[PDB]
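Asks: First, the structure itself, so that you have it in front of you.
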There are 2 protein chains.
Amino acid sequence: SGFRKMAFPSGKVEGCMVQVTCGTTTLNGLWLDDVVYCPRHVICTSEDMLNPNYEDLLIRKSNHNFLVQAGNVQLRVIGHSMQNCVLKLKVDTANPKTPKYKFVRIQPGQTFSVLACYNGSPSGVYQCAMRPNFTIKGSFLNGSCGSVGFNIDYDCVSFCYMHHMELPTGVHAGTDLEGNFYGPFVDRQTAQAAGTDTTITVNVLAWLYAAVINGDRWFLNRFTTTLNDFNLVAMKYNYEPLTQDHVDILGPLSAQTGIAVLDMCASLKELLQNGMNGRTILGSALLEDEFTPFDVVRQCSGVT
Amino acid sequence: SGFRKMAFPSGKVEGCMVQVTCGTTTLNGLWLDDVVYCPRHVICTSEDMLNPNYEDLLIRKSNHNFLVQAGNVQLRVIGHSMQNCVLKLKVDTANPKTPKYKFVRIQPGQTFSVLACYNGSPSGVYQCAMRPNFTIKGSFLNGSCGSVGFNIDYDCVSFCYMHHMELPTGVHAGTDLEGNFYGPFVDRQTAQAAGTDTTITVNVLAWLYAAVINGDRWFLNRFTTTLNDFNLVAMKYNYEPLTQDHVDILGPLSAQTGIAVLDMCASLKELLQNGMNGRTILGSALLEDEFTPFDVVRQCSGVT
Ligand SMILES: O=C(Nc1cnccc1CO)[C@@H]1CCOc2ccc(Cl)cc21
Ligand SMILES: O=C(Nc1cnccc1CO)[C@@H]1CCOc2ccc(Cl)cc21
């Protein structure tokens, strides 16, 4: 009973957080096995961020210039290399708390938990979606760089995001764990356009199924629609077009509730065209798109 | 930049979760030092829950009937005692992962994180408020009993909630760590009235300050109000009456933003009387009350 914006338990990730300092800049690093991963802008001063030449800035740094600390644990740096927008600092000690892990590049519309950190210390955990325009609407202040996003499947942490930057608009941008930015962003202090964003249609439908399962069903109607007709409405309301692949991933929710995906689409169509009429769905007065069909199945069945 | 419903990092709590089995019932326990805490209804069968005589049911149980497990760790039970609605199982081994901790009884309107667990395994973490009627709107399924709520102040986990029951209405009830229920609830399968609930006024105002800090300011107006006038509006809209103690705890937010508390009350008054006019505040289309003034200060300053 009930449905919440739930994050993964952050324990396995807290054990990997370290503080990385280079010169006057301090940010967060991720210590997995004998490597510490952090945003490459740790080598910059505030002045360098206008148009940094990272290759040149990194050449002025030696292993002993990277100070890596995890509480009373001072790590000895024996190698450094830049891979895309991340620095990889080889340390002489493997992290005894390294969980089973993978590095994954998530798709837009997928969700993950963020463990927000400052000075290598965890401050909080929250669940979010990678927006269709490759930004995330997180909660990050100065010092949060290097905080990571992840998913967990039983004992395996799949790291998908490392925080790098706040855009002038207050939204966030970062990379996968190989240092490749999600979206068109560059690690420079320059105004950068984020694409037009859309609402994640498949996630809104998944959340409507979660609402029906938990008792909120006032939005169910006597109508149906087609993928074509629904997509004309989705275009009008800046929603992602629904594909048969999205219908297919909603199959378990459709099967559990007995509500055909196109019938749920007709409810979403009427909610888009008429609004919520001052009513709520799972404690929200807007259409929620930060729950994937898999999140709903996991939460509704109590997967640990 | 940004503002999220953030939970505490759950690492310190994950290390305390165990599975407790007695007969055919299995639920979650909390292992701190050499004691395991769990809901006393672990000693009941589904049939017993109608009107259980816990004193009699517990008399039929011996230390060897409580199976306590944490993965490949099987704990040896050397004592058992009931304290209010919790069972305390003394084990022969202190939990090596016991964090610095306290047991606290939170006040209604305060917030905390819940680490939802099944079979002793963490499934997710979410932030919530203790409602003014002493219920929580969580996300709990069968097997989640024994999952706990907590707050963290630097290295100290203050445990405030242990999950026991879902009311016929889909809301949740539980106890403090001494087994005293929050609210009028009893651990019986009987329909139980939860009081009339109200919206937590001080938290809504704190969240309006968080919105101003993060750039959402369309709701600021040219008006002011008095505690008396505001409270007539709060009564009409089923909001908790605002006191000088609530005004006092909003002082840091008032000081940071330069918006007098009564001026923010006038914005809240106009939002209550006119609605949000199809607009959002921090990604919400309703007035959010699950952030205390302390949560806003902590999040807005990046406390770890
Ligand atoms: O964005 C930044 N950080 C930041 C991150 N999350 C939240 C708040 C802040 C503090 O501004 C820094 C400072 C600004 O300039 C740039 C430019 C490029 C890159 Cl990669 C990083 C940065
Ligand atoms: O409420 C319960 N559990 C539960 C908890 N959270 C979410 C879902 C469920 C499963 O119903 C059990 C089963 C029902 O009867 C009672 C009566 C009293 C008490 Cl203390 C516990 C219970």
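So you can find residues: chains in the structure tokens are A, B, ... in the order shown, residues in each start at 1, and ligands are numbered from 1 in order.
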Mind listing the residues within 8 Å of ligand 1, only C-alpha atoms and all ligand atoms counted, as a short mmCIF file (atom, residue, chain, number, x, y, z; two decimals) with C-alpha atoms, in the first residue's frame?

Replies:
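Printed below is out_0.cif as written:
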data_model
loop_
_atom_site.label_atom_id
_atom_site.label_comp_id
_atom_site.auth_asym_id
_atom_site.auth_seq_id
_atom_site.Cartn_x
_atom_site.Cartn_y
_atom_site.Cartn_z
CA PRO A 39 35.50 15.06 -12.84
CA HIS A 41 37.77 19.94 -13.72
CA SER A 46 37.74 29.14 -11.07
CA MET A 49 36.92 27.17 -16.23
CA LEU A 50 36.22 29.82 -18.94
CA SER A 139 19.75 19.13 -6.08
CA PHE A 140 23.42 20.10 -6.27
CA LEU A 141 25.44 22.96 -4.81
CA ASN A 142 29.15 23.92 -5.23
CA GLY A 143 31.27 20.98 -4.00
CA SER A 144 28.73 18.35 -5.20
CA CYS A 145 30.79 17.62 -8.36
CA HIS A 163 27.85 15.06 -11.66
CA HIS A 164 29.86 17.82 -13.35
CA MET A 165 27.97 21.02 -13.93
CA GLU A 166 25.01 23.29 -13.25
CA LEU A 167 23.66 25.05 -16.36
CA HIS A 172 22.33 19.62 -14.11
CA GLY A 174 27.18 15.19 -16.16
CA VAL A 186 31.14 20.52 -22.51
CA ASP A 187 32.96 21.06 -19.21
CA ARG A 188 33.40 24.83 -19.76
CA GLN A 189 31.81 27.85 -18.01
CA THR A 190 29.90 28.91 -21.08
CA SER B 1 20.57 24.71 -7.52
#

Asks: What are the closest atom pairs, with distances in Å to one decimal, for each residue of chain A lying within 12 Å of ligand 2, using only C-alpha atoms and all ligand atoms, rows by chain and rising residue number, as a Markdown table?

Replies:
| residue | atom | partner | partner_atom_place_in_ligand_line | distance |
| --- | --- | --- | --- | --- |
| A:1 | CA | ligand 2 | 7 (C) | 5.8 |
| A:2 | CA | ligand 2 | 7 (C) | 8.5 |
| A:3 | CA | ligand 2 | 7 (C) | 11.3 |
| A:214 | CA | ligand 2 | 8 (C) | 11.6 |
| A:300 | CA | ligand 2 | 8 (C) | 11.2 |
| A:301 | CA | ligand 2 | 8 (C) | 11.4 |
| A:302 | CA | ligand 2 | 7 (C) | 10.5 |

Asks: What does the distance from CA of residue 117 (chain B) to CA of residue 71 (chain A) come to in Å, to one decimal?

Replies: 28.8 Å

Asks: So, with only C-alpha atoms as the atoms that count, which of A:212, A:116, A:94, A:6 lies closest to chain B?

Replies: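 Closest to chain B, using only C-alpha atoms: A:6.
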
Asks: Give as a PyMOL selection string every residue of chain A that touches chain B within 6 Å, counting only C-alpha atoms.

Replies: chain A and resi 1-4+6-11+121-126+138-141+170+285-286+304

Asks: Can I get the selection written as a compact mmCIF listing (two decimals), in the first residue's frame, with N, CA, C and O atoms?

Replies:
# COMPACT_ATOMS: atom_id res chain seq x y z
N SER A 1 0.83 -1.19 0.00
CA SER A 1 0.00 0.00 0.00
C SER A 1 0.87 1.24 0.00
O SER A 1 1.85 1.33 0.74
N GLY A 2 0.52 2.17 -0.87
CA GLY A 2 1.25 3.41 -1.01
C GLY A 2 2.28 3.33 -2.12
O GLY A 2 2.75 2.25 -2.49
N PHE A 3 2.68 4.49 -2.63
CA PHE A 3 3.65 4.55 -3.71
C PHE A 3 4.51 5.78 -3.55
O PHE A 3 4.00 6.91 -3.50
N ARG A 4 5.81 5.57 -3.41
CA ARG A 4 6.74 6.66 -3.14
C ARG A 4 7.85 6.79 -4.16
O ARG A 4 8.22 5.80 -4.77
N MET A 6 11.02 6.38 -4.57
CA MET A 6 12.00 5.65 -3.79
C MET A 6 13.34 5.59 -4.43
O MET A 6 13.43 5.30 -5.62
N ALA A 7 14.40 5.81 -3.65
CA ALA A 7 15.77 5.70 -4.12
C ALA A 7 16.31 4.32 -3.72
O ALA A 7 15.75 3.65 -2.85
N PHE A 8 17.38 3.87 -4.37
CA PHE A 8 18.04 2.64 -3.98
C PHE A 8 18.72 2.87 -2.64
O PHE A 8 19.20 3.98 -2.39
N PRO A 9 18.87 1.83 -1.79
CA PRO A 9 19.66 2.01 -0.56
C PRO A 9 21.09 2.39 -0.98
O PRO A 9 21.61 1.81 -1.93
N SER A 10 21.62 3.45 -0.40
CA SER A 10 22.89 4.02 -0.87
C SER A 10 24.16 3.46 -0.25
O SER A 10 25.24 3.97 -0.54
N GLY A 11 24.01 2.49 0.65
CA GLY A 11 25.13 1.92 1.40
C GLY A 11 26.33 1.52 0.58
O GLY A 11 27.45 1.93 0.89
N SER A 121 31.77 13.42 1.58
CA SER A 121 30.79 12.93 2.55
C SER A 121 29.37 12.96 2.05
O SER A 121 28.89 13.98 1.55
N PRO A 122 28.67 11.83 2.21
CA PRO A 122 27.28 11.76 1.73
C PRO A 122 26.35 12.66 2.51
O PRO A 122 26.45 12.77 3.73
N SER A 123 25.49 13.37 1.79
CA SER A 123 24.55 14.29 2.41
C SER A 123 23.09 13.81 2.26
O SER A 123 22.26 14.09 3.12
N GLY A 124 22.78 13.13 1.16
CA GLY A 124 21.44 12.66 0.91
C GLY A 124 21.29 11.88 -0.36
O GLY A 124 22.19 11.88 -1.21
N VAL A 125 20.17 11.18 -0.50
CA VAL A 125 19.92 10.35 -1.66
C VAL A 125 18.54 10.63 -2.21
O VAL A 125 17.59 10.80 -1.45
N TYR A 126 18.45 10.76 -3.53
CA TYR A 126 17.17 11.01 -4.16
C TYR A 126 17.09 10.34 -5.51
O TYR A 126 18.11 10.12 -6.18
N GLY A 138 18.35 17.86 -10.56
CA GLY A 138 18.80 17.35 -9.28
C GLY A 138 18.78 18.41 -8.21
O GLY A 138 18.04 19.39 -8.31
N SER A 139 19.58 18.19 -7.18
CA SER A 139 19.75 19.13 -6.08
C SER A 139 21.26 19.10 -5.82
O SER A 139 21.77 18.17 -5.19
N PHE A 140 21.97 20.08 -6.37
CA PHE A 140 23.42 20.10 -6.27
C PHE A 140 23.90 21.51 -6.01
O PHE A 140 23.45 22.43 -6.67
N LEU A 141 24.83 21.67 -5.10
CA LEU A 141 25.44 22.96 -4.81
C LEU A 141 26.93 22.85 -5.17
O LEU A 141 27.41 21.78 -5.54
N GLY A 170 19.72 26.27 -13.96
CA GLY A 170 19.50 25.53 -12.72
C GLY A 170 19.32 24.03 -12.88
O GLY A 170 19.00 23.35 -11.91
N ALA A 285 -0.36 16.58 -7.96
CA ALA A 285 -1.34 17.33 -8.75
C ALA A 285 -0.87 17.52 -10.22
O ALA A 285 -1.47 18.30 -10.97
N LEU A 286 0.20 16.82 -10.63
CA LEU A 286 0.65 16.80 -12.00
C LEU A 286 1.00 15.37 -12.45
O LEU A 286 1.03 14.44 -11.63
N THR A 304 13.97 -6.62 -3.41
CA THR A 304 15.07 -6.16 -2.58
C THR A 304 16.41 -6.41 -3.26
O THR A 304 17.46 -6.10 -2.69

Asks: Using DSSP assignments from the backbone, pull out every residue in region 10-208 of chain B that falls under alpha helix (DSSP H) and give it to me as a PyMOL selection string.

Replies: chain B and resi 11-14+54-59+201-208

Asks: Write out as an MDAnalysis selection string which residues come within 7 Å of residue 31 (chain B) when counting only C-alpha atoms, dropping same-chain ones fewer than 6 positions away.

Replies: chainID B and resid 16:18 37 95

Asks: Quick one, how far is CA of residue 77 (chain B) from CA of residue 149 (chain B)?

Replies: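 Interatomic distance, CA of residue 77 (chain B) to CA of residue 149 (chain B): 24.7 Å.
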
Asks: Report, in Å to a single decimal, how far apart CA of residue 84 (chain A) and CA of residue 32 (chain A) are.

Replies: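 CA of residue 32 (chain A) sits 18.3 Å away from CA of residue 84 (chain A).
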
Asks: What parts of region 22-229 of chain B does DSSP call strand (DSSP E)? I'd like the answer as a PyMOL selection string.

Replies: chain B and resi 22+25-32+35-39+66-70+73-75+77-83+86-91+100-103+111-118+121-129+148-153+156-166+172-175

Asks: Create the file for the chosen residues now, containing C-alpha atoms and written as a CSV table (one decimal), in the first residue's frame.

Replies:
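Wrote result38.csv, looks like this:
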chain,number,residue,atom,x,y,z
B,22,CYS,CA,9.2,-17.0,14.6
B,25,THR,CA,6.0,-15.4,10.3
B,26,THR,CA,9.0,-13.5,9.0
B,27,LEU,CA,9.7,-9.8,9.2
B,28,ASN,CA,12.5,-7.3,9.6
B,29,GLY,CA,14.6,-6.6,12.7
B,30,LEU,CA,17.0,-3.9,13.8
B,31,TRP,CA,20.3,-5.2,15.2
B,32,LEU,CA,22.0,-2.6,17.4
B,35,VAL,CA,19.9,-6.6,20.8
B,36,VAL,CA,17.5,-7.2,17.9
B,37,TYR,CA,14.3,-5.0,17.9
B,38,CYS,CA,11.3,-6.1,15.9
B,39,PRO,CA,7.5,-5.8,16.0
B,66,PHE,CA,13.4,-16.7,17.2
B,67,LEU,CA,15.4,-17.2,14.1
B,68,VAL,CA,17.6,-14.2,13.4
B,69,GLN,CA,19.6,-14.0,10.3
B,70,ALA,CA,21.7,-11.4,8.4
B,73,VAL,CA,25.2,-14.6,9.8
B,74,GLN,CA,22.9,-16.7,12.0
B,75,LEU,CA,22.5,-15.0,15.4
B,77,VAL,CA,19.3,-15.7,20.8
B,78,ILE,CA,20.1,-15.7,24.5
B,79,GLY,CA,17.1,-13.7,25.8
B,80,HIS,CA,13.8,-12.3,24.8
B,81,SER,CA,11.5,-9.6,26.2
B,82,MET,CA,8.5,-7.6,25.1
B,83,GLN,CA,8.5,-3.8,25.7
B,86,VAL,CA,8.3,-4.4,20.3
B,87,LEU,CA,10.2,-7.6,21.0
B,88,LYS,CA,13.9,-7.2,22.1
B,89,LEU,CA,15.9,-10.3,21.4
B,90,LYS,CA,19.2,-10.4,23.2
B,91,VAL,CA,21.9,-12.0,20.9
B,100,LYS,CA,26.4,5.7,16.9
B,101,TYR,CA,22.7,5.8,17.6
B,102,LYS,CA,19.9,7.1,19.7
B,103,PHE,CA,16.2,6.2,20.1
B,111,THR,CA,10.3,14.3,8.8
B,112,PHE,CA,12.5,11.2,8.6
B,113,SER,CA,13.8,8.6,6.1
B,114,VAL,CA,12.4,5.1,5.8
B,115,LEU,CA,14.6,2.2,4.7
B,116,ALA,CA,11.9,-0.2,3.3
B,117,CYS,CA,13.0,-3.8,3.8
B,118,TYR,CA,11.7,-7.3,3.0
B,121,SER,CA,17.0,-6.9,2.9
B,122,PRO,CA,16.8,-3.3,2.0
B,123,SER,CA,14.7,-2.4,-1.0
B,124,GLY,CA,14.6,1.4,-1.1
B,125,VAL,CA,14.8,4.6,0.9
B,126,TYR,CA,12.4,7.5,0.9
B,127,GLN,CA,11.7,10.7,2.9
B,128,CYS,CA,8.4,11.3,4.6
B,129,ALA,CA,6.7,13.3,7.4
B,148,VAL,CA,12.6,1.7,10.4
B,149,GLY,CA,12.5,5.5,10.1
B,150,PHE,CA,15.5,7.6,11.1
B,151,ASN,CA,17.3,10.9,11.0
B,152,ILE,CA,21.1,11.4,10.9
B,153,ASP,CA,23.1,14.2,12.6
B,156,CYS,CA,24.6,9.6,14.9
B,157,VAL,CA,21.5,7.8,13.6
B,158,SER,CA,18.4,8.7,15.6
B,159,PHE,CA,15.9,5.9,15.1
B,160,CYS,CA,12.3,7.2,15.4
B,161,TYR,CA,10.0,4.8,13.7
B,162,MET,CA,9.5,1.0,13.3
B,163,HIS,CA,6.8,0.0,10.8
B,164,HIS,CA,4.0,-2.2,12.1
B,165,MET,CA,0.7,-1.9,10.3
B,166,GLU,CA,-1.3,-0.8,7.2
B,172,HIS,CA,0.7,3.4,7.8
B,173,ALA,CA,1.2,3.1,11.5
B,174,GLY,CA,4.0,2.2,13.7
B,175,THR,CA,5.9,2.8,16.9

Asks: Smallest atom-to-atom distance to residue 105 (chain A): which of A:180, A:45, A:72, A:201, using only C-alpha atoms?

Replies: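 The closest residue to residue 105 (chain A) is A:180.
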
Asks: Neighbours of residue 256 (chain B) within 10 Å (only C-alpha atoms; same-chain residues fewer than 3 positions away dropped), as an mmCIF file with N, CA, C and O atoms, in the first residue's frame?

Replies:
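Wrote it out as out_25.cif, contents follow:
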data_model
loop_
_atom_site.group_PDB
_atom_site.id
_atom_site.type_symbol
_atom_site.label_atom_id
_atom_site.label_comp_id
_atom_site.auth_asym_id
_atom_site.auth_seq_id
_atom_site.Cartn_x
_atom_site.Cartn_y
_atom_site.Cartn_z
ATOM 1 N N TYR B 209 10.078 29.111 1.134
ATOM 2 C CA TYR B 209 11.387 29.755 1.249
ATOM 3 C C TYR B 209 12.400 29.023 0.376
ATOM 4 O O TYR B 209 13.141 29.672 -0.342
ATOM 5 N N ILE B 213 14.583 30.680 -2.774
ATOM 6 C CA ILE B 213 16.035 30.467 -2.815
ATOM 7 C C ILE B 213 16.468 29.853 -4.150
ATOM 8 O O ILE B 213 17.491 30.249 -4.724
ATOM 9 N N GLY B 251 13.026 31.731 11.253
ATOM 10 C CA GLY B 251 13.950 32.857 11.314
ATOM 11 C C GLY B 251 15.148 32.770 10.389
ATOM 12 O O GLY B 251 15.381 33.715 9.653
ATOM 13 N N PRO B 252 15.918 31.663 10.361
ATOM 14 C CA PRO B 252 17.059 31.590 9.436
ATOM 15 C C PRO B 252 16.666 31.761 7.972
ATOM 16 O O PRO B 252 17.384 32.430 7.231
ATOM 17 N N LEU B 253 15.530 31.192 7.556
ATOM 18 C CA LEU B 253 15.053 31.322 6.171
ATOM 19 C C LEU B 253 14.584 32.721 5.872
ATOM 20 O O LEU B 253 14.863 33.277 4.804
ATOM 21 N N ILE B 259 12.709 37.835 3.412
ATOM 22 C CA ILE B 259 11.257 37.879 3.317
ATOM 23 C C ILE B 259 10.730 37.594 4.694
ATOM 24 O O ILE B 259 10.897 36.478 5.199
ATOM 25 N N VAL B 297 17.139 24.259 5.464
ATOM 26 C CA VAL B 297 18.449 24.854 5.791
ATOM 27 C C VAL B 297 19.589 23.866 5.435
ATOM 28 O O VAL B 297 20.559 24.245 4.779
#
